[PDB]
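Notes for the one structure printed next.
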Amino acid sequence: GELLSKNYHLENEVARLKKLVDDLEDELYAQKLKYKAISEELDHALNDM
Amino acid sequence: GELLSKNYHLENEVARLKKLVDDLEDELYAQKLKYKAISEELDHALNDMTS
Amino acid sequence: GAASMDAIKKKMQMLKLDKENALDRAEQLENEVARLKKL
Amino acid sequence: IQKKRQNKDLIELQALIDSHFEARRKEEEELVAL
């Protein structure tokens, strides 16, 4: 019935969301590394001053 | 009984996960602006040799 | 993604050219001083 | 000339403190390519 079907769809959302969390965390990590790289680049340029 | 309750459990678990996602989406967007910004700084540090 | 990354290294040796020539030119000014401090 | 032959090391610690910058910034670029 309606409660079974809902549970079915929700079980799916959960799986989707759990996977989405791990992917967004990896992505954050990759972005923070991109930031660090360039944050260092700036301190170098920032001394030729 | 067991079904009603499980349906409740699932509904919270989805809300909880939506918030983790939402937060991460905001962390990412923030990070994007910081990155755009400091990359703009670096443009100036390297090119405003006009000083 | 945004801007220039190695065009960075392009105006970074071009900052090691307009400062390293700051003290080579802060040396020909000493040509009149190692010897001017002599007369 | 001697407090001066740092006229090279004070620029030399500038001339390549700005070398702290890129081989620790090549550490966050190949960690990207891992």
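Residue numbers (PDB author numbering), protein chains in the order written: chain A, 233 to 281; chain B, 233 to 283; chain I, -3 to 35; chain T, 66 to 99. The C-beta atom is built at its ideal place from N, Cα and C for all residues, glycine as well.
- When the beta-carbon positions are compared, A:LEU235 and B:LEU242 stay at least 8 Å from each other.
- For B:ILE270, the enclosing alpha helix (DSSP H) has its first and last residue at 234 to 279.
- The DSSP-derived three-state label of T:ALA80 is helix.
- In this model, B:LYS250 and I:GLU16 are separated by some 56 Å (Cα to Cα).
- Collapsing the DSSP output to three states places I:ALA30 in coil.
- Residue contact with chain A for T:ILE82: present (Cβ-Cβ distance below 8 Å to some residue of chain A).
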